[PDB]
Amino acid sequence: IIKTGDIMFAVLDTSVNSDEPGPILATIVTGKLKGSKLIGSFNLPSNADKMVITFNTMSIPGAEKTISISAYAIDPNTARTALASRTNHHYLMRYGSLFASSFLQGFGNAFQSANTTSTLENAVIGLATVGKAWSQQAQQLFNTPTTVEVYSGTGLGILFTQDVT
Amino acid sequence: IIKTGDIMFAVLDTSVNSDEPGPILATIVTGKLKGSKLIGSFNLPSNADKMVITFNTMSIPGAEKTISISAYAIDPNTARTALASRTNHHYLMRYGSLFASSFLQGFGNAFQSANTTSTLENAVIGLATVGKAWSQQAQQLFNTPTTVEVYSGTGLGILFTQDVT
Amino acid sequence: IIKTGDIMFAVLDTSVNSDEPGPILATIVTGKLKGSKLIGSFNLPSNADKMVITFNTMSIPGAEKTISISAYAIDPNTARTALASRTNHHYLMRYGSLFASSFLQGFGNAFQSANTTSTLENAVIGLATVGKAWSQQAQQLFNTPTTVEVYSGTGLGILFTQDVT
Amino acid sequence: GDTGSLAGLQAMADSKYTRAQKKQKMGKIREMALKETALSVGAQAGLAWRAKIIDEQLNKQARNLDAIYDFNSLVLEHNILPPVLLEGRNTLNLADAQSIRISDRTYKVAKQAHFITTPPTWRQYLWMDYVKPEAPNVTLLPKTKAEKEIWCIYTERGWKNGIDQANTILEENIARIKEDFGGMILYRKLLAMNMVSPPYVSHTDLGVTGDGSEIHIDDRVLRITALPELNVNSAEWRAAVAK
């Protein structure tokens, strides 16, 4: 009997990035069930403020059984739901690419417009024509957000949801 | 036997931001039921002037039972419903980003227009073209509201709704 | 037996802002019902000149009974249904934001147009472009009403609606 | 406080206690989590350390235990463990109202005599098991020196508790082996007192036996037929004297 909503611990040792869903394994380290292994998955948040783990398929050694008590993760020694990782993965890359494409287009067109009032003409040429295609392609690729990624050496806490036997 | 609408106190130890829904637990430590822990979830409010915890699934130790009192939260030592956290999280960053994108657009266009009446031209170039894309993207991402977050070291007060055996 | 529409009194102890609906409790401290309590909710009016309490679920102590006399609340010693709170919460903030965004738009456009008849041009730049986006955002956010909030240490009077046993 | 009740009530009439209780509420809410884990690790460490120390002491002083506990002297001529006897003096029972049943002395056969191969030793009664744990895991780490100090003292109290439990188990085993030794020596003394029948055991001997493939040269089958028991005829009881 495990009560409805109590506390347990596990260790995460195999890392993954939050890109493709799949099975992920942890090992329960203390309490009633010893040597137990739990495979589950994750979810993708649209916002980069936290990251949590969907753990569903439990296995207890000794007896060859597979119960499916589902539980989630909390961050150890902070007792929060966030993941300790980086959230600035892909900001400045697309920022600099888009702004460079824009500044290229602006250089060519405005230094073309400043002609009335050969090398600088070729500068106008290159900037005026490589600004636009890179601008529309940067607006195309600007939509991919910053990813989060778990570590291969961090424990985790597991809070129960239902009772089992 | 629980009166229809009485007051209790519980121990909350795990924190969560208002970004991803999930089960959360507290622990009633006084009163008739001792050692009992209670899982439930939260709500996402339209205005962040309050934040409450939806608590529905109670477990009392001793017996293998899971009764179904749905219970809500009040801030202890306030006798109010407000959440003791920050609400100014994501105003100023998007404000400044929008204003900077605007100011870039304005710099390029007005100092391009005032030419008749190379480095300053390149300044006009850069701000003239990187203002617009950042302006539309800032208007795109400007709509994100300010989240709230409970803490991992403060308990709570719980008012009851229904009766249990 | 309670007459059809008499007056009783109770003491209200838990406060809430008029932001999200929720259960609220009061305790009848006089009359025949001693130690009895009452939970319910409130209302959100179109104009905030009053605030009433939708009080429906009545509990009598000792016995496990839950009668359903549903009744409302009036302000003490005014014999009216208003709330003792502040109603000027969110007028001047959006007023000042809208007026500043407008004045920015006006400064940029009119001091741009008055150029015919560098730093002053940069002032024209900044106000000319940060006026417009903040102006449409202020017209977007101008619609949020001024809320009320009940208090946690003031009693209440309850006029009855139906008879009970 | 409530001991100086009127002073405490007049202090609570001020709102300074109301602004002071809001932090001690959070303190007692966060207080109870560390104590159980500190008590658990202290209990395991103190129990293991005390058990190792006391087994070291037992291994040091093993010789005189063998000197005092001569089970081999207690066996009989057919290698049979003597049965266990218990005695009691001045018995009474107020079982209910209108009823008192008293008696002078009582004797009870605890465990019946049986055959044996080797005499039991004290090591089957007094050696404590020892599995040293070397796996410390922390639920919530101490951050403040106050919580570190209460974690330390609760670990120390768990160490003391494990010490007490080890002493309790040792004392119960001491009482158990002393009970068995007293029962055997009381059987011998009561047999000398001529109150208990000796065991009676017959023998059946057969010579060569088996088929053409298996032979046994001489086999003897020994079987106890009359178990020891107490007697009811009082006249056959020789008492004692001393000088």
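Here goes a summary of the coordinates provided.

Tallying secondary structure elements over chain D gives five helices and six strands in all. Computed over its C-alpha atoms, the radius of gyration of chain D comes to 32 Å, more than 25% above the 18 Å expected for a compact globule of 243 residues. Principal-axis analysis of the C-alpha atoms gives chain D an extent of 100 × 65 × 45 Å. Residues classed as buried in chain D amount to 20% of the 243 residues present. Looking at chain D alone, contacts between residues at least 24 apart form 69% of all its contacts between residues at least 6 apart. In the form shown here, chain D has an accessible surface area of approximately 17800 Å², with 58% of it arising from carbon and sulfur atoms. Distance between charge centres in chain D, computed from 32 positive and 29 negative side chains, equals 12 Å.

Per the secondary structure count, chain A includes two helices and seven strands. Reading the helices (α) and strands (β) of chain A from amino to carboxyl end gives β-β-β-β-β-β-α-α-β. Relative to the compact-globule value of 15 Å for 165 residues, chain A shows a C-alpha radius of gyration of 26 Å, a clear excess of over 25%. For chain A, the C-alpha atoms occupy an extent of roughly 85 × 30 × 25 Å along the three principal directions. Surface summary for chain A: the accessible area is close to 9100 Å², and the carbon and sulfur share equals 59%. Computed over 10 positive and 10 negative side-chain charges, the separation of the two mean positions in chain A equals 6 Å.

Together, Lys16, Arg19, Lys22 and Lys23 of chain D make up a positively charged patch on the protein surface. With respect to the element layout, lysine 22 of chain D can be found in helix α2 (residues 16-60).

Let us now look at the side chain of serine 197 of chain D. Residue and element names in this part refer to chain D. As for its position among the elements, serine 197 is in the loop between α5 (145-192) and β5 (200-206). A polar atom in the side chain of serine 197 sits 2.8 Å from the side chain of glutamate 229. Apart from the residues within four sequence positions on either side, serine 197 is in contact with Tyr187, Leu227, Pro228 and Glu229.

Below, the discussion takes up the pattern of salt bridges. It is possible for side chains bearing opposite charge to pair when their charged atoms get close. Counting across every chain of the model gives six salt bridges over all chains. Between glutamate 149 of chain B and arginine 80 of chain A there is a salt bridge, with its nearest N and O atoms 2.5 Å apart. Here the residue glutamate 149 of chain B occupies a position in the loop between α2 (119-141) and β6 (156-159), and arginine 80 of chain A occupies one in the loop between β6 (72-74) and α1 (92-113), the pair thus bridging two chains. The salt bridge involving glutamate 156 of chain D is made with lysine 160 of chain D; its shortest N-O contact spans 2.8 Å. Of the two residues, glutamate 156 of chain D and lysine 160 of chain D are both situated in helix α5; the distance of four residues between them amounts to about one turn of the helix. Overall, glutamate 156 of chain D belongs to the partly exposed group, its relative accessible area being 33%.

Residues and elements named next belong to chain A. Across the sheet, which stays open at both edges, the seven strands sit in the order β5-β4-β3-β2-β1-β7-β6 with antiparallel pairing between neighbours. Of all the strands in the sheet, just β5 (65-67) and β6 have a single pairing partner and so form its edges. On average, adjacent strands in this sheet sit at an angle of 40° to one another, irrespective of strand direction. Where strand β3 (residues 37-42) and strand β4 (residues 53-60) come together, six bridges link them in antiparallel fashion. Residue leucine 38 lies in a different strand from β4, and its bridge partner there is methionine 58.

As a further point, take the interface of chain B and chain C. With 35 residues of chain B in contact, the opposing surface of chain C contributes 35 residues. Across the interface of chain B and chain C, roughly 2700 Å² is buried in total on both sides, 62% from carbon and sulfur atoms. Counting the surface chain B buries against chain C, the share from its top three residues, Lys3, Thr4 and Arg80 of chain B, is 21%. For the pair chain B and chain C, the interface holds one salt bridge. Summed over the shared surface of chain B and chain C, the result is eleven residue pairs in polar contact. Among the elements of the structure, β5 (72-74) and α1 (92-113) of chain B are those that each provide at least two residues to the side of chain B that touches chain C. With eleven residues, α1 of chain B is the single largest residue contributor to the side of chain B that touches chain C. Residues belonging to the side of chain B that touches chain C are distributed by class as follows: 17 nonpolar, twelve polar and six charged.

The next point concerns the pairing of strand β3 (residues 37-42) of chain C. Residue and element names in this part refer to chain C. Here β3 lies mainly inside the structure; five of its six residues are buried. Judged from the four bridges that link them, strand β2 (residues 24-28) and β3 form a sheet pairing that is antiparallel. Paired with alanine 26 across the bridge in β3 is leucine 38.

Quick look at the environment of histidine 203 of chain D now. All names here are of chain D. Mapped onto the secondary structure, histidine 203 falls in strand β5. Along the primary structure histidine 203 and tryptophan 49 are separated by 154 residues, whereas in three dimensions their C-alpha atoms are 53 Å apart. Residues within four places of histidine 203 in sequence aside, it is in contact with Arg220, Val221 and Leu222.

Quick look at the packing of aromatic side chains now. Aromatic ring pairs are described here by two measures, namely the spacing of the ring centres and the angle between the planes. Using the criterion set out here, one finds 18 aromatic pairs over all chains in the structure. Centroid distance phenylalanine 103 of chain A to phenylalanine 107 of chain A: 5.5 Å. Interplanar angle 70°. Geometry classified as edge-to-face. Placement of the pair is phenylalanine 103 of chain A and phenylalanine 107 of chain A together in helix α1, with a separation of four residues, close to one helical turn. Consider the rings of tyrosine 95 of chain B and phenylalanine 142 of chain B, whose centres lie 5.5 Å apart with planes at 55°: the pair is tilted. Exposure remark for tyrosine 95 of chain B: the relative accessible area of 23% places this residue in the partly exposed category. Ring pairs connect the aromatic residues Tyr91, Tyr95, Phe99 and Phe142 of chain A together with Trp134 of chain B, which therefore count as one cluster.

Here we take up α1 of chain A. For an α-helix, 3.6 residues make a turn, and residues three or four places apart therefore share a direction. Relative to the 32 Å expected for 22 residues at 1.5 Å per residue, α1 of chain A spans 31 Å between its end C-alpha atoms, a close match to the ideal helical length. Within α1 of chain A, burial applies to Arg94, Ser97, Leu98, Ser101, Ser102, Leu104, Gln105, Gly106, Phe107, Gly108, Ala110 and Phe111 of chain A. The elements touched by buried residues of α1 of chain A are α2 (119-141) of chain A together with α2 of chain B.

Residue and element names in this part refer to chain B. At a minimum axis separation of 7 Å, α1 and α2 run at an interaxial angle of 145°. Viewed along their axes, α1 and α2 form a crossing whose handedness is left-handed. Residue-level inspection shows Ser97, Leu98, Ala100, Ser101, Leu104, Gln105, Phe107, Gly108, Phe111 and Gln112 of α1 in contact with α2, the latter providing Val124, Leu127, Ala128, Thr129, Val130, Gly131, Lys132, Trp134, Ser135, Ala138 and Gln139. When the residues that make up the contact of α1 with α2 are grouped by side-chain class, the tally is eleven nonpolar, nine polar and one charged.

Criteria and cut-off values
Residues numbered from 1 in each chain as written, not as in the entry; some residues may be left out. Chains lettered and ligands numbered in written order. Part of a larger assembly, values for the part shown. Heavy atoms only, no water. Helix = DSSP H or I, 4+ residues; strand = E, 2+ residues; numbered from the N terminus. Rg over C-alpha atoms; globule rule 2.2 N^0.38 Å. Buried < 20%, exposed > 50% of the residue type's maximum accessible area, 1.4 Å probe, protein only. Contact = heavy atoms within 4.5 Å. Areas by Shrake-Rupley, 256 points an atom, 1.4 Å probe, with all protein chains shown as cover. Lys, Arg positive; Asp, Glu negative; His and termini not counted. Charge placed at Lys NZ, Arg CZ, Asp CG, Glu CD. Patch = residues over 30% accessible without salt bridge, like charges linked within 9 Å, V, L, I, M, F, W, Y side chains within 5 Å. Salt bridge = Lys/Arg side-chain N within 4 Å of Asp/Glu carboxyl O. Polar contact = N/O pair within 3.5 Å; in protein donor to acceptor, adjacent residues only side chain to side chain. Pairing = 2+ DSSP bridges. Axes fitted to C-alpha atoms, helices over the stretch in contact; angles between N-to-C directions. Buried area = accessible area lost by both parts, 1.4 Å probe. Nonpolar A, V, L, I, M, F, W, Y, C, P; charged D, E, K, R; others polar. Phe/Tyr/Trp six-rings, centres within 6.5 Å; stacked < 30°, edge-to-face > 60°. Expected span 1.5 Å × (residues − 1). Left-handed = near helix turned anticlockwise from the far one by under 90°.

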